[PDB]
Structures are given as structure tokens and as C-alpha cells.
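Here you get one chain, nothing else, as C-alpha cells; it is the form deposited in one PDB entry.
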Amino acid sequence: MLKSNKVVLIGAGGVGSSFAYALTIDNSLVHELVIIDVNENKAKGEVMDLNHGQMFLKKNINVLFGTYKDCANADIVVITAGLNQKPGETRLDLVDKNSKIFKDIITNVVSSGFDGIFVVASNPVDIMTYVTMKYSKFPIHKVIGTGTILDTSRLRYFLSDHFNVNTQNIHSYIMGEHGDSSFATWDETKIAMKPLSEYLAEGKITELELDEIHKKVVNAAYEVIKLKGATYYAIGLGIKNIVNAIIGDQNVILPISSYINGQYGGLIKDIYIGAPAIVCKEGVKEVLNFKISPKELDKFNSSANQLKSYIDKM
């Protein structure tokens, strides 16, 4: 029989609100969208503002103010709650703050009876995916993090503007930690079928500009925060696409926070890191295994070791 697909959103700030907006505009069958925030006034205001535009939507959608009661029968739970760049300094203190919040949130969600899929966006996304997995006891393939999807989006925009080519034809990935230790898969990048190495040999692009594009990908968050306070639109679209791919059972490969256990180096094991995986109706279907050049394998290993280091502390 036909069912009502339910998505609960925990965290009604810039990122969560942007995701909800984009989802109401472009919906792949999300019958009910439930919004939860510790600041209940903000959640109620967002629910009202999103409902007031139903007349302009292609489809109608039930946007509801919610409590954790609502997670019992939910099909997806999207977490965007946290302290976006808090004041005390230190990203280890950030991890502590946000994992403290996640303890509470996850306990409430699991005590509700929820048995769907987690989609995690709160920073540091990889560590918070790990924390969600452990605090919840869910299977690893029911816990997803956005990982390097936003970094990959930025990378592909930079390459599209460089070559003046639709992002549709830009086949490159950012992998590793969603942060400063990320790396681009330069050696495996293609523009449509044309390898990047041919573009280098023909002089359209140089290794210098590749270094600069990567530095740009890494500095984009800081640039945008300086310019406008926060970043939410691109990540909102990424979250929306993950959700639509899940509910669409599209078997699509995405650069998400993936749990690796031998893939790539046979060295990196037992953590969530930015990597390509198949997404479908049940969550993660497969963590893809492919060879990366030695340079990029060393970068991957260093990134995973940085992640292990930050986990160890707490």
C-alpha cells in the first residue's frame, strides 16, 4: 500500500532552513517535513514562512512543527544542529560542544522508536557522523554524512568556470576530511571523456592553477563566512539531493561521509571519511573501491590519520 514519506529536520538555522526551502521547491515525494529546534520560536516561524508559499510550489507538502514524538515513524532524520563557529576558539572544543549536543539529540531520537536513516551535516561532518553512528548503535549503512559533497560541488564550479563547461561534464571529486586535509582526485579527473592530463599537456591548465583551485576549495568556507556570516545555500542543495536520491532509490554514487574498512590503502579502517559510495532506498549500498595515485593515497592516509587523532581526544 502507498505510504507517506516522512523527513524530520533537527536544526532550523541557515543550513536546515535552506535545505527545507529547496526541498519544498524541488520535491521527490517527501509527503511530510517536520522541523525541530531547541529554539522553538525559530522552528515555528520557519514552518509558517515555508507554508505561506505553498501556492507557488509544484506540489503541496505538509510542513509541520514537531517534537521528538514525530521521529517514531519518520523515514529520514536530517541533523543540522550545532554551534556554527563558536567563540572559545579550538575545533577540538567545537567537537566537544557538538558531540555533547548530539548525545542528547540521538538519545531522544532513538528513544522515540525511529528506525530509518540518519543524514548528518553538523560540523565536523565526518566526526559527527562517527558520533551519530556510535551513540545510536544503528548499522553503518543507515548513517550518512554529507562529507565532501559540498567541497566537490565547489571544485566542479571552479572547473566549470575555468573551462566554461557545464558542471554536468565535470567528473572530479574531493575526498578525505571535509576540511583542511582534503584532496582532489586530479590524476583521475576527466572533462567528459578527456583526461585532465591532456588539458595540462595542451596548456589550458597548469599544475599551479590546480594547486590554486584546491586552496580555493579549502578557503571558500572562510571567504563566505567573512563576506556574509555563514554558508547554507550550496549545502542545502547537497542535503536535498542526498534526500531525493534516497527516496528515489536512484542507486547514485556520491561523495559522502562513508565508512571505510580496507578500501583504497588497506590501511585506513574503521572511520567515516569523504569518499564515493552508492546511495539508494536503504542508505549506503556500497563503498566504491578504486585506485588513486600514490600522491593521493598518501594524502588520503594523512587525512584519515588526522581524523583518528581528533577522535582520540575525547
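One-based numbering along the sequence shown. We call the rigid core the largest set of C-alpha positions that still match within 1.5 Å between the two forms.
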Averaged over C-alpha atoms, is the B-factor higher for 252 to 260 or for 47 to 55 in this PDB entry? 252 to 260
Between 86 to 94 and 141 to 149 (mean CA B-factor, as deposited), the higher: 86 to 94
Can you tell me which of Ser99, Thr129, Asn244, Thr167 has the maximum CA B-factor listed in the PDB entry? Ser99
Which of these has the highest Cα B-factor in the record: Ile10, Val15, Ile292, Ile25? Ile292
Against its chain's modelled residues, does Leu267's Cα B factor rank lowest, middle or highest third? highest
Among the modelled residues of its chain, does the C-alpha B-factor of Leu237 lie in the lowest, middle or highest third? lowest
Record-listed C-alpha B factor of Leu33: chain third: lowest
If you rank every modelled residue in this chain by C-alpha B factor, which third holds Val109: lowest, middle or highest? middle
Please place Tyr157 in the lowest, middle or highest third of its chain according to the CA B-factor in the PDB entry. lowest
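Not pictured, yet referred to below: the form deposited in another entry.
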Among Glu198, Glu89, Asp161, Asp180, whose C-alpha is off by 2 Å or more between this form and the one not shown on a rigid-core fit? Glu89
Shown form as baseline, in the other entry, CA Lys86-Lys134 shift of 3 Å or more puts them farther
Work out the direction of the Cα-Cα change for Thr90 and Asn123 in the other entry: closer or farther than in this form? It's 3 angstroms or more. closer
